[PDB]
Trainee: 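The structure under discussion is supplied below as structure tokens; questions concerning it will follow.
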Amino acid sequence: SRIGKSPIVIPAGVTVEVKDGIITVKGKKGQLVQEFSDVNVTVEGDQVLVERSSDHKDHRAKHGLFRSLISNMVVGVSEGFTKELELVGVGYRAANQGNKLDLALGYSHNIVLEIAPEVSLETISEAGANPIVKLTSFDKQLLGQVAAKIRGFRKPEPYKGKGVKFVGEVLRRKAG
RNA sequence: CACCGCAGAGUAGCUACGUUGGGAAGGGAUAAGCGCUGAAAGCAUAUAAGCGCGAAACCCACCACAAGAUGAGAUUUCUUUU
């Protein structure tokens with residue numbers, strides 16, 4: 001309710017259209033579609049007004065859900081989100097061959113990932129510091145899913161700290 | 001004839017104590033559990049909408065049988081009642 005009654009004013013340069021259930025947003029970084037079912041969303045030209053009909057414990061939440069989804073899609077395709085992973089540990093290596101990441105962890109093999117063409121991929125492993133991988137995309141959901149399935153290759157241990165973690169994001173540590 | 005009288009072997013067959021093979025590989029939906037985005041509840045939250053993983057368990061998959069499956073299927077050919 002409170003988060004749904006706010007405007008979704010557009011950073012002019014990106015358009016938004018509505019269809020029979022599907023809303024599309026076209027900016028400078030590709031079209032993004034979404035499916036709404038129990039909300040009335042209307043684009044005036046500058047702001048996007050999303051409202052509900054009844055307060056039945058479900059539409060009251062779907063209102064804010066779809067408002068936040070549309071706002072994210074906009075602040076995405078307009079600008080785009082980005083995240084940073086950091087490999088910590090001895091013998092850990094990361095390399096980039098375009099849209100193809102190559103990770104060498106303490107396993108008995110390597111891991112090559114053919115990231116989808118909708119996500120950028122940069123690496124910094126300059127001299128001795130921890131290798132930092134950086135992803136950037138307009139779809140925050142897909143970006144987070146890729147970051148999660150990259151982090152899941154090696155969970156951060158609490159004793160030392162070695163593992164694929166984000167920059168910052170202090171970890172829970174123990175004594176051992 | 002005497003346990004096939006006894007004793008030494010023995011092809012075919014039947015067996016193991018012998019030989020060969022098998023429980024391999026790959027999908028779907030999941031349990032405990034692990035996450036993405038996100039409100040209700042301006043925060044937070046793996047969930048309420050929607051998504052990604054997840055076991056010798058379940059449905060395929062491997063082998064055998066199977067249209068009396070009365071819901072009695074299909075195809076090719078022959079003859080059309082001595």
Side-chain angles (χ1 to χ4, degrees), chain A residues 1-11 14 16 18 21-27 29-34 36-42 47-48 50 52-55 57 59-78 80-81 83-88 100-101 103 105-107 109 111-113 115-117 119-121 133-154 156 158-159 161-174:
Chain A
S1 51
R2 197 193 315 267
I3 210 61
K5 65 178 58 177
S6 324
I8 327 180
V9 62
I10 308 178
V14 185
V16 169
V18 307
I22 319 275
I23 186 167
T24 166
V25 181
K26 173 209 301 175
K29 293 177 184 181
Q31 283 82 357
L32 285 181
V33 304
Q34 186 59 69
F36 55 90
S37 323
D38 282 64
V39 284
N40 295 275
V41 63
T42 305
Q47 289 80 16
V48 188
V50 63
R52 70 204 183 200
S53 297
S54 61
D55 304 354
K57 200 219 169 184
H59 310 152
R60 191 166 69 257
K62 289 182 182 180
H63 184 195
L65 161 73
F66 286 116
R67 195 269 167 184
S68 193
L69 285 182
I70 296 173
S71 147
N72 269 338
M73 287 200 305
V74 169
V75 62
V77 65
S78 98
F81 315 96
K83 29 191 53 187
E84 324 275 321
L85 301 95
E86 179 189 22
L87 282 77
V88 176
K100 170 180 171 300
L101 179 67
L103 299 176
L105 304 173
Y107 292 145
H109 56 246
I111 296 96
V112 313
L113 197 38
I115 310 181
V119 182
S120 147
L121 185 275
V133 189
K134 22 178 67 177
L135 306 161
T136 299
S137 147
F138 48 88
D139 195 339
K140 189 162 62 174
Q141 205 281 330
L142 204 146
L143 191 70
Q145 189 71 240
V146 170
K149 207 161 186 171
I150 288 182
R151 172 191 182 98
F153 290 155
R154 176 57 73 97
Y159 293 114
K162 315 174 327 307
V164 183
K165 76 171 186 57
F166 301 146
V167 307
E169 197 238 13
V170 309
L171 304 144
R172 181 190 73 91
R173 301 195 69 255
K174 216 170 297 182

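Here is how names work: the chains are called A, B, and so on, in the same order as the sequence lines, proteins then strands, and each is numbered from 1. Side chains are part of it too, since the values below use all heavy atoms of this structure and drop only hydrogens, waters and symmetry mates.
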Trainee: Identify, with sequence neighbours excluded, every residue that meets side-chain hydrogen bond (donor to acceptor under 3.5 Å, both in side chains) alongside A/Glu86.
Mentor: A/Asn130, A/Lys165

Trainee: Do A/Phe36 and A/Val50 have side chains that get closer than 4.5 Å, going by heavy atoms?
Mentor: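 The answer is no; the side chains never approach within 4.5 Å.
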
Trainee: Passes side-chain contact (heavy atoms from CB on, under 4.5 Å), A/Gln34 versus A/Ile70? Steps please.
Mentor: CA-CA 8 Å; A/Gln34 186 59 69; A/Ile70 296 173; 5.8 Å; no

Trainee: Just to confirm a value in my table: B/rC4 sugar, north or south, sign of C1'-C2'-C3'-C4'.
Mentor: south

Trainee: Would B/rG73 and B/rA74 be classed as stacked, given the thresholds of under 5.5 Å between six-membered ring centres and under 30° between planes?
Mentor: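 For these two strand neighbours, the answer is yes: their six-membered rings meet both cut-offs.
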
Trainee: Decide, for B/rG54, between syn and anti: a glycosidic angle within 90° of 0 counts as syn, anything else as anti.
Mentor: anti

Trainee: Answer yes or no on whether A/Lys140 is positioned over the face of A/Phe81, meaning its NZ or CZ is under 6.0 Å from the six-membered ring centre and within 45° of the axis.
Mentor: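 Yes, cation above the ring, under 6.0 Å and within 45°.
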
Trainee: Rounding to a whole Å, what distance do you find between A/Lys57:NZ and B/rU47:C1'?
Mentor: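 Whole-Å distance recorded here is 11 Å.
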
Trainee: For the P atoms, the ones on B/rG52 and on B/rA29, what distance do you get once it is rounded to whole angstrom?
Mentor: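 Rounded to whole Å, the distance is 8 Å.
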
Trainee: Where do N or O atoms of nucleotides 51-55 of chain B meet protein N or O atoms at under 3.5 Å, pair by pair?
Mentor:
none

Trainee: Determine the sugar pucker of B/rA25: a positive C1'-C2'-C3'-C4' angle counts as north, a negative one as south.
Mentor: north

Trainee: Can you tell me if B/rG71 puckers north or south, using the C1'-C2'-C3'-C4' torsion sign?
Mentor: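 South, since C1'-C2'-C3'-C4' is negative for B/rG71.
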
Trainee: Are B/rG33 and B/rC53 a base pair, Watson-Crick or G-U wobble, with both contacts under 3.5 Å?
Mentor: yes

Trainee: Does the structure place the NZ or CZ of A/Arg154 under 6.0 Å from the centre of the six-membered ring of A/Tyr107, at an angle of no more than 45° from the ring's axis?
Mentor: yes

Trainee: Please tell me if the side chains of A/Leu135 and A/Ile115 come closer than 4.5 Å, counting only heavy atoms from C-beta onward.
Mentor: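 Side chain of A/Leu135 against side chain of A/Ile115, heavy atoms only: contact under 4.5 Å found.
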
Trainee: Going by the side chain to side chain contact (heavy atoms under 4.5 Å, CB included) test, name the single residue among A/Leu101, A/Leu87, A/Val133 that passes it with A/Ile150.
Mentor: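 Exactly one pass, corresponding to A/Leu101.
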
Trainee: Round to a whole Å and report the spacing from CE of A/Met73 to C1' of B/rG38.
Mentor: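 To the nearest whole Å, that distance equals 13 Å.
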
Trainee: For B/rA41 and its strand neighbour B/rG42, are the base ring centres under 5.5 angstrom apart and the ring planes under 30 degrees apart?
Mentor: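 The answer is no; the two bases are not stacked.
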
Trainee: Do you know the tightest heavy-atom contact between A/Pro7 and A/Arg67?
Mentor: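 The answer is O-NH2, 2.5 Å.
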
Trainee: Can B/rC34 and B/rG52 be counted as a Watson-Crick or G-U wobble pair, both distances below 3.5 Å?
Mentor: yes

Trainee: What's the spacing between A/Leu103 CG and A/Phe153 CZ if we round to 0.5 Å?
Mentor: 7.0 Å

Trainee: Taking B/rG42 as the reference, what is the distance to B/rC51 when you measure between their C1' atoms (whole Å, please)?
Mentor: 25 Å

Trainee: What pucker do you get for B/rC53 when you go by the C1'-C2'-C3'-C4' torsion?
Mentor: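 North is the answer for B/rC53, its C1'-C2'-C3'-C4' torsion being positive.
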
Trainee: Output a table of nitrogen or oxygen pairs between the protein and nucleotides 41-45 of chain B separated by less than 3.5 Å.
Mentor:
unit_1	atom_1	unit_2	atom_2	d
B/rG42	OP2	A/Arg2	NE	3.0
B/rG42	OP2	A/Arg2	NH2	3.4

Trainee: Would you say B/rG35 pairs with B/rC51 if a pair means Watson-Crick or G-U wobble with both distances under 3.5 Å?
Mentor: yes

Trainee: Quick one: A/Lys5 NZ to B/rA39 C1', roughly how many Å, whole number?
Mentor: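 Between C1' of B/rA39 and NZ of A/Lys5: 14 Å.
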
Trainee: Stacking test, B/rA29 against B/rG28: centre separation of the six-membered rings below 5.5 Å and plane angle below 30 degrees, yes or no?
Mentor: yes

Trainee: Starting at CD of A/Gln34 and ending at P of B/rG38, how long is that distance when rounded to a whole Å?
Mentor: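 Distance, rounded to whole Å: 12 Å.
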
Trainee: Whole angstrom is fine here: how far is it from CZ in A/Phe36 over to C1' in B/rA48?
Mentor: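 Atom CZ in A/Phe36 sits about 19 Å away from atom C1' in B/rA48.
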
Trainee: With both distances under 3.5 angstrom, what nucleotide forms a Watson-Crick or G-U wobble pair with B/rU82?
Mentor: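 When the pairing criteria are applied, nothing turns out to pair with B/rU82, so the answer is none.
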
Trainee: Of all the heavy-atom pairs spanning A/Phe66 and A/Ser37, show the shortest one and how long it is.
Mentor: CZ-N, 4.1 Å

Trainee: Give me the distance, rounded to whole Å, that separates B/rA56 from B/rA48 when you measure between the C1' atoms they each carry.
Mentor: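 That atom pair is separated by 35 Å.
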
Trainee: Which value, in whole Å, describes the distance between the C1' atoms of nucleotides B/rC60 and B/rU30?
Mentor: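 After rounding to an integer number of Å, I get 15 Å for this pair.
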
Trainee: Taking atom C1' of B/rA48 as reference, at what distance in whole Å does atom CG of A/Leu65 sit?
Mentor: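 Rounded to whole Å, this separation is 9 Å.
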
Trainee: Are any of A/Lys62's side-chain N or O atoms less than 4.0 Å away from OP1 or OP2 of B/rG38?
Mentor: no

Trainee: List in chain and number order the residues that pass side-chain contact (heavy atoms from CB on, under 4.5 Å) with A/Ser68, two or more places apart in sequence or in another chain; answer none if no residue qualifies.
Mentor: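 A/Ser68 satisfies side-chain contact (heavy atoms from CB on, under 4.5 Å) with A/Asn72 only.
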
Trainee: What's the gap between B/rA31 and B/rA66 when it is taken at their P atoms, as a whole Å value?
Mentor: 40 Å

Trainee: To the nearest angstrom, how far is A/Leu143 atom CG from B/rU37 atom P?
Mentor: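 From A/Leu143 CG to B/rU37 P: 9 Å.
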
Trainee: Please report, rounded to the nearest Å, how far the P atom of B/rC36 is from the CG atom of A/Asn72.
Mentor: 14 Å

Trainee: Taking a pair as Watson-Crick or G-U wobble with both distances under 3.5 Å, which nucleotide is matched to B/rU11?
Mentor: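 Per the H-bond distance test, none.
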
Trainee: Given the cut-offs of 5.5 Å for six-ring centres and 30° for planes, are B/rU76 and B/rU77 stacked?
Mentor: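 Per the 5.5 Å and 30° rule, B/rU76 stacks on B/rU77.
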
Trainee: Give me the distance, rounded to whole Å, that separates B/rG50 from B/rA44 when you measure between the P atoms they each carry.
Mentor: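 Approximately 23 Å lies between the P atom of B/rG50 and that of B/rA44.
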
Trainee: Would the bases of B/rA46 and B/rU47 meet the stacking rule of centres under 5.5 angstrom and planes under 30°?
Mentor: no

Trainee: Decide between north and south for B/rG13, the convention being positive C1'-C2'-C3'-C4' for north and negative for south.
Mentor: north

Trainee: Work out how far the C1' atom of B/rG23 is from that of B/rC62, and round it to whole angstrom.
Mentor: 9 Å

Trainee: Is it true that A/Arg151 and A/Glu169 make a salt bridge, defined as a side-chain N closer than 4.0 Å to a carboxylate O?
Mentor: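 Salt bridge between A/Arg151 and A/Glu169, a charged N being under 4.0 Å from a carboxylate O: yes.
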
Trainee: What distance separates A/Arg60 CZ from A/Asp55 CG, expressed to the nearest 0.5 Å?
Mentor: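 Reported to 0.5 Å precision, the distance equals 6.0 Å.
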
Trainee: Under 3.5 Å, which protein N or O atoms sit close to an N or O of nucleotides 27-32 of chain B? Give each pair with its distance.
Mentor:
none

Trainee: What distance, rounded to whole Å, do you find between the two P atoms, one in B/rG27 and one in B/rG38?
Mentor: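 Those two atoms are separated by 33 Å.
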
Trainee: Are A/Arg52 and A/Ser1 packed together at the side-chain level, in the sense that at least one heavy-atom pair is separated by less than 4.5 angstrom?
Mentor: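 A side-chain contact exists here, since the closest heavy-atom pair is under 4.5 Å.
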
Trainee: What heavy-atom pair brings A/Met73 and A/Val33 nearest, and what distance separates the two atoms?
Mentor: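 Looking at all heavy atoms of both residues, the shortest contact is SD-O, 4.0 Å.
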
